[PDB]
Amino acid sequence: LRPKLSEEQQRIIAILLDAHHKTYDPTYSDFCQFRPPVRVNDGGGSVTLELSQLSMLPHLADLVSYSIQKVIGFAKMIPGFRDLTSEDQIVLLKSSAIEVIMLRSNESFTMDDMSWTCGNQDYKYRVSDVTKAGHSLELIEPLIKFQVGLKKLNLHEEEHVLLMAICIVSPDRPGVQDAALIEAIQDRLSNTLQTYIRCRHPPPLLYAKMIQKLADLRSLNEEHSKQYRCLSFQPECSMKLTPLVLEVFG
């Protein structure tokens, strides 16, 4: 059966598309405002050298910090998100931050050369840039696999925005107080997505594949958190970060 999207479900999609258009700049025009990228000679991928220099850390921390601000803006526009307590909204934003960043980064990701192409050569990011910021192969390898897997689903913008919204409004995050209300908001979004796929996505199992991506995001989040913790042990690391990044990941 293919039930049609309700007036409410069509309204939810319009709100989320509008929210994304207002919080995502596909021209990457603010990137010149970040601390500049610096790429040291590191053909060997030396952990000692990367930790001593952390050459890409100020630029990558400014990029993630900027993206978190956009994610906070997007979340405020999710139907029902404002119905949650400020404590729950913050727990949800903090626990989902890195996952939503990985999802939204997919728009700039290109399978042409396996990079995140955000304008000129200075804003073209590869595996080596993330290692130059103190991260390791245990994070970057599955991150690239995830980006390809997601790119290959060829999501409609409607599906991409619904997926980010479902990711954020997750009742299974440590520290949430009103899990039942969060689940009700997520179910309203999940039902919109399942209905949309059946009614608007042409052939040639997409909903199941999108849910699997949300599970992959949990493992990437756990690895990112372990690696951030290591990176934070580097003397003088905090100046290379931002207050928002320090709060979200600290």
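Just count from 1 along the sequence shown to find any residue number.
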query: Deposited-sequence gap flanked by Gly43 and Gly44; finding: none
query: Entry-level comparison of average CA B-factors, 137-145 and 83-91, reporting the higher stretch; finding: 83-91
query: Mean C-alpha temperature factor, higher of 47-55 and 62-70; finding: 47-55
query: Selection by C-alpha B-factor (highest) of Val127, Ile168, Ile101, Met111; finding: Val127
query: Largest Cα B-factor, entry values, listed residues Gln234, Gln10, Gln227, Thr242; finding: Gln10
query: Entry-reported Cα temperature factor of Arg173, expressed as the chain third it lands in; finding: highest
query: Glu158, C-alpha B-factor rank within chain (lowest, middle or highest third); finding: lowest
query: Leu205 - which third its CA temperature factor falls in, relative to the rest of the chain; finding: highest
query: Chain third (lowest, middle, highest) by recorded CA B-factor, residue given as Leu214; finding: lowest
query: CA B-factor placement of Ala14, once the chain's modelled residues are sorted into thirds; finding: highest
